[PDB]
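**Q**
Protein chains in written order, with PDB author numbering: chain A, 21 to 72, 92 to 202, 213 to 396, 438 to 489; chain E, 21 to 72, 92 to 202, 213 to 396, 438 to 489.
What follows is the structure, encoded as structure tokens:
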């Protein structure tokens, strides 16, 4: 059923577009200045703030870039927003940029300080997908969350409490949690946790276990390709009428759109452009915890690890100066595309059950058997391509 | 703020109108045959069923009335509906006819069999407002519910249980419950009830108490003037564009609309027309438990009690025959109008507190001090009129 799902989400994409265009028309920005991922970000956040303000806005004068600090009627923003969505709320829409930000943050930063202070192992990076994503996120907003993400929450919710209506949350938060797991025991053990009203260290220690079980017996976590507002604004302005022509966040749509996007970015004096583009590209698909090998394979070019990456962050801090600042054109095109999946793959004390399953598991264990990559011409999911990694690679752990 | 509230509800009224018109255009009914509250009902239910089918449709041939038994694509109905509401769901709209039905049922029938089988006193009629109203009803759907209505639910929910997620319901169902009460103890005692996870006869017996407290220290229950689909259909067709001109369910709007409505009804051989109109009129304003004195005052004419009412029900059963069947024009006009209110008025063991309050209360205790009735010219709430009941009345208890 390509009617609702493909076209209803198109309608949510149209809104973001239209809005971005309106909002650019207010700031009286130029074309080059509306394609500046920097300005786009600021706008996106102005809105999510107002629906739950001012921000940094960069301008282009003969030669150099001028940063403007501006403020807008928090309500005016809310007004312009609905105008674009037919006076609707389109929570989906706000939630969408709510994720684009997430996926950018899960790739720009490593959230160790928080994991440890929670009592999670810092090496549990690949499980913190969407830890930045405000709880306000929608129902299809949490589905993108990693197993580890959920645990950091419950553990804090529990840690302060064990240190009224709050209950329905906890059970559900677990049901979701449990719905991440895709194996008997995994599933069953979550229940054994959800049994206690005042779950103390008993649980505190057990979920942490299950957290680690997912490192081997992963769960189902959806990935959503959420592009910057400018990309959708520009597309809408170019005539693309997505609600009519349909759009996806896990199909070929997002890659294809990024195959023509003209996004620019501010870039510090010593930073590497190629390295900058990489970053953004990984935020456009929630590939911050993907196997670098595959990311590079699909990308078309080296996908260098975080450490070796030359950049501190896409947003420009108030600290920096504009004199020594310039801007490059972001390389967001990719070689092939792939169905962003949700599945994690698979081959007494319920712990034992898992520990026993954990064991038989080898890192070499092939997942998504038969699934492959698609050419950018292959609109339909017709012919798949299987990658062979016998190759001089460059790692697998972005972090 | 007469923008959203007055115009957004207008938009929900337009939908019902437009839809009714479309649906009449399918059945290829006539003008007289679209004004037949009978047919209107059937249509309204066809829809609520499909959004959660066929029905009885009466036709007019030379002289006599022909009943057609027809069926429609449950989805077709859902299709035509959205078409009218801009492809929206307009739950409000369905919920609206969800109430019109309610308010008609709370006046056509007395629901004793159910109260007693629940363990409520049959004399608690005036507290069962909206007992027929499906739980599917919306949030502004339950606000119309009487205190007694809520109790019959919890008591059954509790009775079968005490005989998972079901919990958040119970607490909320009480919070609503509690939000009906408008006095300290009343409010506090509800909490003392909401304390038990498995509330047994302890609660079973206590709420029943609180049920009876409302007979004296009433709560806040909203009343919504919800007219039959035909009335809105006809109005929409006559040009009235409510979303633009605004509409209310507790103002002068509904009375004014009914001041020009041409609604017809099927009427059995021995039934009294004047008596029939009365019924419908009381369902148009949720006046089934109002003081007959006031109902007649505002009505303009005698509002006779249920027993002395000549009619069995507005819908025609499959049992009856058409040969001995005819139809009259319903008198729905009223003398004055009044702001349909929500307020119930006011002047160790928390029981004691109430019982002590209960006591000081006299039936003669004046409520809505200063509030009056408005002429049908008095569009604004400008000049109020105070009724003096020194008069040869005809009772106060419709039941």
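Beta carbons: idealized from backbone N, C-alpha and C, even for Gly.
#1: Can you find a C-beta in chain E that's less than 8 Å from the C-beta of residue 33/A?
#2: Which class does residue 376/E belong to by DSSP, given the choice of helix, strand or coil?
#3: For the stretch 337-360 of chain E, enumerate the residues whose C-beta is nearer than 7 Å to any C-beta of chain A, in chain order.
#4: Indicate the three-state DSSP secondary structure (helix, strand or coil) for residue 105/E in the structure shown.
#5: Out of 181/A, 110/A, 69/A, state which residue places its alpha-carbon closest to the alpha-carbon of residue 142/A.
#6: Alpha carbon to alpha carbon, what distance is there between residue 334/A and residue 480/A?
#7: What are the residues of the stretch 217-245 of chain E that lie near chain A, defined by any Cβ-Cβ distance shorter than 8 Å?
#8: Kindly indicate the opening and closing residues of the alpha helix (DSSP H) around residue 281/A.
#9: Using 10 angstroms around the beta-carbon of residue 464/E, count the other beta-carbons present and answer buried if the total reaches 16, otherwise exposed.
#10: Expressed to the nearest angstrom, what Euclidean distance is found between the alpha-carbon atoms of residue 144/A and residue 30/E?
#11: Grouping DSSP H, G and I as helix and E and B as strand, with all else coil, what is residue 93/E?
#12: Got a sec, what are the start and stop residues for the alpha helix (DSSP H) residue 154/A sits in?
#13: Return the chain-ordered ranges of every alpha helix (DSSP H) run that is complete within the stretch 298-385 of chain E and spans a minimum of 4 residues.
#14: Spatial neighbours of residue 151/A within its chain, please: C-beta separation below 7 Å, excluding the five flanking residues on both sides.
#15: Taking CB distances under 8 Å as the criterion, tell me whether residue 391/E reaches chain A.
#16: Please classify residue 311/A: is it buried, with 16 or more other beta-carbons within 10 angstroms of its beta-carbon, or exposed?
#17: Would you say residue 214/E lies against chain A (beta-carbon separation less than 8 Å)?
#18: Anyone know if the C-beta pair for residue 136/A and residue 220/A falls short of 8 Å?
#19: In angstroms, rounded to a whole number, what distance separates the CA positions of residue 387/A and residue 188/E?
#20: Pull the bridge partners of residue 56/E from the DSSP assignment, please.
#21: Less than 8 Å separating the beta-carbons of residue 440/A and residue 234/A?
#22: Count the other C-beta atoms from every protein chain shown that fall within 10 angstroms of the C-beta of residue 93/A, then say buried if there are 16 or more, exposed otherwise.
#23: With a 10 Å radius around its C-beta and 16 neighbouring C-beta atoms as the bar for buried, classify residue 52/A as buried or exposed.
#24: DSSP three-state label for residue 40/E, please.
#25: Counting pairs of beta carbons, one from the stretch 365-376 of chain A and one from the stretch 443-463 of chain A, are three or more of them closer than 8 Å?
#26: Express the C-alpha separation of residue 282/A and residue 291/A in angstroms, rounding to a whole number.
#27: Buried or exposed: residue 251/E, going by 16 or more other Cβ atoms within 10 Å of its Cβ?
#28: Excluding five sequence neighbours on each side, which residues of the same chain lie with their C-beta closer than 6 Å to the C-beta of residue 362/E?
#29: Rounded C-beta distance between residue 303/E and residue 274/E? I'm assuming under 8 Å.
#30: Tell me the start and end of each unbroken alpha helix (DSSP H) in the stretch 220-269 of chain E that is at least 4 residues and wholly inside, in chain order.
#31: Which value, in whole angstroms, describes the spacing of the CA atoms of residue 299/E and residue 327/E?
#32: Report the start-end ranges of each beta strand (DSSP E) in the stretch 130-194 of chain E that is 3 residues or longer and not cut off at the edges.
#33: Would you tell me roughly how many angstroms separate the C-alpha atoms of residue 270/A and residue 193/E, rounded to the nearest one?
#34: By DSSP, does residue 67/E sit in helix, in strand, or in coil?
#35: Quick check: residue 390/E and residue 346/E, are their CB atoms within less than 8 Å of each other?
**A** Answer, in terms of the structure:
#1: no
#2: strand
#3: none
#4: strand
#5: 181/A
#6: 25 Å
#7: 217, 220
#8: 278-286
#9: buried
#10: 44 Å
#11: strand
#12: 151-157
#13: 301-306, 322-334, 341-348
#14: 161
#15: no
#16: exposed
#17: yes
#18: no
#19: 55 Å
#20: 313/E
#21: yes
#22: exposed
#23: exposed
#24: helix
#25: no
#26: 12 Å
#27: exposed
#28: 147
#29: 4 Å
#30: 233-243, 250-262
#31: 20 Å
#32: none
#33: 38 Å
#34: helix
#35: no
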